[PDB]
Each structure stands twice: as C-alpha cells, then as structure tokens.
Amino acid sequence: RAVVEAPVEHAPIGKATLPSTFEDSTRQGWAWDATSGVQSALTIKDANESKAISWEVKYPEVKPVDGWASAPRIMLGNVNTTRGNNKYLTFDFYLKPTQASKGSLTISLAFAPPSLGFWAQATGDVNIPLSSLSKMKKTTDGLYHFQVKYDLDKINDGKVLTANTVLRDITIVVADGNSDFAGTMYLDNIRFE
C-alpha cells in the first residue's frame, strides 16, 4: 500500500549520508516510507543550534488498530552501511509539543539487511511518557532533547547483525502510545557509535 497526498514540498533529498547531520540543508537521503502514516513535509530546521530534519504530527484522537498506522516512519533507503565495531545506533530526537499530557511515544529502529529477509528490528523500543515532559528541562530554543540509543546486539527473531552485515535501509518509527501528542519532531546526528 501507499499513503498519498498532494505534492509536498520537502527539503532537497540530498544523498544518503551517515552520520546524518543535515548540515548541507538536505535530508541526506531520509524520506518517508511509502507506508508512513505521516506524509507531510520533511524540512531542515534549526534544533538546539544545529540543522535537523523535522516534521509536524498530530496523532488521531481515534486510534488505529495497527500500532504503526498513524506513525511517522522515516527511512534512509539504499544507504548500504554496516555497523562495524559499533555497539549502538544513536540519534538526537527533539520534541516541541503543542499538546502532550498523556500516553507515550514508542520509538522503534529497524534495518533492511538483504541477507536477513530485508528486515531486522532492534528489540529495544524506547518509550517516552508524555507526562514525564513537563518536568524535563528544555533546550534554550524550547525543545525537549533526547539522545536515543539502540543496542545492536539485541535484535528480534534471533537475527544477528555482524560487523559486516549489509544494512540496505535504516528505518525509525515514532509510534503513538495512546497519546495526545501534537507538535513538531526533529532528528539529528543519526549515527553508529
């Protein structure tokens, strides 16, 4: 299936690049998956003094049965990278809510290794409770700043990502956990470490 809307003005696609820093004002290869529930513009915005890829999202009040149907699902296609000797993939993730008081966001990471059926998903989903936010200190520009880490030795289905396993695509999903989130999201410094 494909989720479609009228043409949208994204920032320039650029070329797939890791670490993804967005400092060339391009998306560095990041784009919505064709199945992403969010298809609105991906632009490059300042976040916490650095250029970051960004989008707006307000989850539906009526929650879909499939937990990813309404989710931003952003993908770096055909990067064809490998983890090397890195234990983690990590990135800076920022929120600027206009509304956030209940439920949570569940952030998942997956890859598409051609040697592993084109899907390998990190086991360590990261949950951010929206009630935690009002107590968290914001950045100078009013964002909540997370640095999200995924242990690449914890992958579902007994699949193992070796140092040399080709990862054709990288996917990040920010799923709605029965939440009332509305506002802007941003990613930066997507990298292995």
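Note that residue numbering follows the sequence shown and begins at 1.
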- Going by the entry, of stretches 167 to 175 and 15 to 23 the one with greater average Cα B-factor is 15 to 23
- Query: Taking only the CA atoms, which stretch has the higher mean B-factor in the record, 57 to 65 or 34 to 42?
  - Reply: 57 to 65
- Could you check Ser108, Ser101, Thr90, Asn78 and tell me which one carries the biggest Cα B-factor in the deposited entry? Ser101
- Between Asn156, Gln147, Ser70, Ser134, where does the Cα B-factor run highest in the record? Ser134
- Sorting the chain's CA B-factors, does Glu193 end up in the lowest, middle or highest third? middle
- Is the Cα B-factor recorded for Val4 in the lowest, middle or highest third of its chain? lowest
- Where does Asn86 sit by CA temperature factor within its chain: lowest, middle or highest third? middle
